[PDB]
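Residue numbers (the working numbering), protein chains in the order written: chain V, 351 to 423; chain E, -19 to 208; chain W, 1306 to 1621.
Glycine is no exception: its CB is placed at the ideal position from the N, C-alpha and C atoms.
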Amino acid sequence: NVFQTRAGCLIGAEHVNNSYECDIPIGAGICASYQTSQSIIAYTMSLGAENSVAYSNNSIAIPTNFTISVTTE
Amino acid sequence: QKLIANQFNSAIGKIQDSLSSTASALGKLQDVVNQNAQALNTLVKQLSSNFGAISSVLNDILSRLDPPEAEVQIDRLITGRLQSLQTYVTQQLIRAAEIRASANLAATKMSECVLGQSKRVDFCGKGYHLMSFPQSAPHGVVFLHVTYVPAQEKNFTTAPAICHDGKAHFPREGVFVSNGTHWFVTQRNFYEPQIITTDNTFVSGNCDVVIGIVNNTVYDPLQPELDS
Amino acid sequence: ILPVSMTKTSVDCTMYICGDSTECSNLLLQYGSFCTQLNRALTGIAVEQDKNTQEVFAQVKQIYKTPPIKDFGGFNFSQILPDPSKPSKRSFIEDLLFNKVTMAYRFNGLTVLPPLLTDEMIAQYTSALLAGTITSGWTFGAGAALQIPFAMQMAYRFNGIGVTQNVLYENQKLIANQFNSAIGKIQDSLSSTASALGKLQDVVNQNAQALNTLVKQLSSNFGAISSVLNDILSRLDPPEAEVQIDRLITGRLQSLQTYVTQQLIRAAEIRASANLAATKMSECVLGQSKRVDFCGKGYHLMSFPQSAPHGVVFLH
Ligand SMILES: *[C@@H]1O[C@H](CO)[C@@H](O[C@@H]2O[C@H](CO)[C@@H](O)[C@H](O)[C@H]2NC(C)=O)[C@H](O)[C@H]1NC(C)=O
Ligand SMILES: *[C@@H]1O[C@H](CO)[C@@H](O[C@@H]2O[C@H](CO)[C@@H](O)[C@H](O)[C@H]2NC(C)=O)[C@H](O)[C@H]1NC(C)=O
Ligand SMILES: *[C@@H]1O[C@H](CO)[C@@H](O[C@@H]2O[C@H](CO)[C@@H](O)[C@H](O)[C@H]2NC(C)=O)[C@H](O)[C@H]1NC(C)=O
Ligand SMILES: *[C@@H]1O[C@H](CO)[C@@H](O[C@@H]2O[C@H](CO)[C@@H](O)[C@H](O)[C@H]2NC(C)=O)[C@H](O)[C@H]1NC(C)=O
Ligand SMILES: *[C@@H]1O[C@H](CO)[C@@H](O)[C@H](O)[C@H]1NC(C)=O
Ligand SMILES: *[C@@H]1O[C@H](CO)[C@@H](O)[C@H](O)[C@H]1NC(C)=O
Ligand SMILES: *[C@@H]1O[C@H](CO)[C@@H](O)[C@H](O)[C@H]1NC(C)=O
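See below:
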């Protein structure tokens, strides 16, 4: 099972038109992950999830509540 | 206060479960320890390489040959090993600076983040920063950044200004909002509506210039206080 | 203008040294782990290059996109926002940049690996970062983005620098024109002079520089009778040709460590420059900087990231 990429000739991973988070970085946006039986896949990495802020010149969103997170660095 | 306590205390508890099963979060440290022992290993293996000479054992070249030949061979040993040091050494210098570059980054976080409160954004991690707690780790340091992240939002109609008598009123701190009827001024990073009075707002200009000013009535603390 | 990543290269040590010759290839084994530790070295570079580009550009959890209709109060971002009519969507400015900056080395072994993130992706980040900066203020770096009227954003960014917000809303129209007319000249500043991008241009050159040098080292005798690895094998009986090929190998094998060490040192500079970007990107773009002349001369209001080849460009 062969597929042609931007980064070269890939073998043994079924192409996927869907696009998910980059998991195992390959090259030029192609990122592979294991999950679906199962087979290694290859797909164009989605950079981020998509959002569109709902914006209008009078529209403001002020947080009513908060969290306190402890992030190890 | 109480609600912030549990949010803090629980958020601590998550850390200890993270690191408990997490080998990767220390990858930065684990890599540094590795890469040294790596080049240290490779430095050692280079003692087993011929480098073109007839053997990699120093004496076994000697006792095989009469020394005036060994003087030639031991070159290709020395020329080899001496090089392999300068490779390893020049590595360490480069790698040392890399750590040196991360030491400044730590010694700055230690200074600014721990000992201060960092106005810098995302220097101490995502969210507005409250405090950090350093924790030692082998050949490294681990900060626990306590950061303030807002959560629940509510769409609000807002206005940059409010006419009263034709004067313009602007908030000292925060912004005029309304849920659609009553105009409230509130602080920015938390929703805490308050009725709009002169103590909330200062006067500047008049009603022509501002783009987006909206009619309203700014209540006066003082006026009722008079009426007796 | 800042460099961010440098061209990711990976060299085949056994081939680059010994072309198509087991005779030479066997000798290389007698130097041990040099061949392997070079790949271990260059991979360390090549890996973190896509870590640099990772740290800089993607600090944002989600990809925001500008609203369909642009009313910012008079500020015209069509210059800096993604161009909906280009096949690769990149803001009008970024095209000015990609024009300025610009199997040869692959024949030997120097294979130029593709950067993990395609340029079109880089332009989606710098769209997001720029989409959230415009609509959501600075809050999108601290959590969920919060839509706020852009003109009510700039009232804060004046309070940041100590100018009371009543200045803005009174001067808004004026400030609009000064902004727009300032953006325009950024085009010609880039359009009419090719030396502004020298920082990037220098990085790209020095990389392609050493590669040329590294290649030309193949043609040097290094004391051996010829620079063609086969000629030494063709003319001479091997027992002597062994000593000859050493001077080639010793020469070439050294000549890699020279090149490798340069890349390590040079990458360590980029690694430092990358953090400077990631620092600006976080503090300057995502927040508002109180650090005098860190974001560039003057009191700082906001910054607009723009991608450039193996680099990044901020509009302060
Ligand atoms: C702010 O959010 C916190 C949760 O993060 C809320 O606290 C929870 O409130 C519910 C009641 O609806 C309790 O059952 C939970 O035990 C509380 N959690 C904790 C950790 O104490 C809080 O009520 C929210 N406050 C506002 C004003 O929205
Ligand atoms: C917006 O918020 C204000 C402030 O609470 C609301 O005004 C109050 O609404 C409650 C409704 O339960 C009344 O009992 C109070 O008498 C109101 N007080 C004032 C000063 O108006 C208002 O109803 C809210 N409107 C919306 C659409 O949410
Ligand atoms: C705010 O209120 C003022 C009056 O308090 C409004 O002014 C009126 O504007 C219209 C539009 O031309 C005039 O025909 C009226 O004569 C004005 N009123 C007076 C008393 O002169 C103004 O339009 C309001 N604006 C907003 C945005 O609410
Ligand atoms: C923002 O500026 C661009 C150009 O900098 C404007 O696009 C121009 O629009 C006029 C329409 O009057 C055309 O005649 C020009 O040919 C356009 N130029 C380009 C390069 O597209 C755009 O209209 C401006 N928009 C805002 C909201 O200010
Ligand atoms: C993706 O969809 C196209 C049709 O648009 C199809 O030709 C292609 O085979 C699909 N890819 C995979 C991996 O199924
Ligand atoms: C604010 O309005 C937008 C409009 O699309 C909506 O998606 C969003 O959920 C609203 N905010 C909240 C807190 O529901
Ligand atoms: C805000 O935008 C709307 C368009 O949806 C327009 O009708 C209104 O006049 C604008 N108000 C201001 C203050 O710009």
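*How would you write the range of the alpha helix (DSSP H) that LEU1581(W) sits in, first residue to last?*
It spans 1543 to 1585 - the alpha helix (DSSP H) in which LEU1581(W) sits, taken as one unbroken run.
*Give me the Cα-Cα distance between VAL1618(W) and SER1612(W), rounded to the nearest whole angstrom.*
6 Å
*Using alpha carbons as the reference points, say which of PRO151(E), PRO130(E), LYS(-6)(E) and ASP55(E) lies closest to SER36(E).*
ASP55(E)
_Other residues of its chain near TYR1564(W): CB distance less than 6 Å, five sequence neighbours each side excluded_ = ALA1515 and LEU1519
*Contact list for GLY107(E) against chain V, beta-carbon separation under 7 Å*: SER419
*Of all Cβ atoms in chain E, is any one closer than 8 Å to the Cβ of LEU1451(W)?*
yes
*Could you run through the region 83 to 104 of chain E and flag, in chain order, every residue whose CB is less than 9 Å away from some CB of chain A?*
Protein chains V, E and W are contained in the structure displayed, whereas chain A is not.
*Examine chain V for any beta-carbon lying closer than 8 Å to the beta-carbon of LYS1478(W), and answer yes or no.*
no
*Is DSSP giving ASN1526(W) helix, strand or coil here?*
DSSP, reduced to helix, strand and coil, places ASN1526(W) outside both helices and strands of the structure shown, so it counts as coil.
*Verify whether the separation of the beta carbon atoms of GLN132(E) and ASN415(V) is less than 8 Å.*
In this structure, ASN415(V) lies closer than 8 Å to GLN132(E) by Cβ.
*Can you tell me the Cα-Cα spacing of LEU1505(W) and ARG1571(W), whole angstroms?*
It is roughly 13 Å from the alpha-carbon of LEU1505(W) to the alpha-carbon of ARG1571(W).
*May I ask you to check if the CB of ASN407(V) is nearer than 7 Å to at least one heavy atom of ligand 4?*
no
*By Cβ distance, which residues of its chain are closer than 7 Å to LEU1558(W), with the 5 residues on each side in sequence left out?*
Counting only residues of its own chain and dropping the five nearest sequence neighbours on each side, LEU1558(W) has a CB closer than 7 Å to the CB of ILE1322, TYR1336 and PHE1339.
*Does the Cβ of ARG100(E) have 16 or more other Cβ atoms within 10 Å, making it buried, or fewer, making it exposed?*
Buried.
*Is the CB of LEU1569(W) under 8 Å away from at least one CB in chain E?*
So, interface residue.
*May I have the straight-line CA-CA distance separating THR394(V) from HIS144(E), to the nearest angstrom?*
56 Å
_Contact list for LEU397(V) against chain W, beta-carbon separation under 7 Å_ = Correct list: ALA1363, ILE1368, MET1426, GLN1429 and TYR1430.
_Under the three-state DSSP convention, the category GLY1378(W) falls into_ = coil
*Boundaries (first-last residue) of the alpha helix (DSSP H) holding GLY1592(W)*: Unbroken run through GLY1592(W): none, as it is neither H nor E.
*Should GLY1616(W) be listed as close to ligand 7, given that the test is whether its C-beta is under 7 Å from any heavy atom?*
no
_Do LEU1418(W) and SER1310(W) have their beta-carbon atoms positioned less than 8 Å apart in this structure?_
no
*Report the three-state DSSP secondary structure of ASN135(E) (helix, strand or coil).*
The answer is strand: DSSP assigns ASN135(E) an E or B state.
*Check whether the Cβ of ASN186(E) sits closer than 7 Å to any heavy atom of ligand 3, and report yes or no.*
No; taking the cut-off as 7 Å, the Cβ of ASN186(E) has no heavy atom of ligand 3 nearer than that.
_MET1457(W) beta carbon less than 8 Å from that of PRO114(E)_ = no
*Name the DSSP beta bridge partners of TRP163(E), please?*
Per DSSP, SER158(E).
_Following a CB-centred definition, is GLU133(E) positioned closer than 7 Å to any heavy atom of ligand 6?_
yes
*Run down chain E in chain order and give the residues with a C-beta less than 8 Å from the C-beta of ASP1325(W).*
Chain E residues near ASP1325(W): none, gap ~21 Å exceeds 8 Å.
*Would you mind working out which of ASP1325(W), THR1319(W), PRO1308(W) and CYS1318(W) sits nearest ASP1536(W), comparing C-alpha positions?*
Residue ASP1325(W) holds the alpha-carbon nearest to the alpha-carbon of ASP1536(W) among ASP1325(W), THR1319(W), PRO1308(W) and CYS1318(W).
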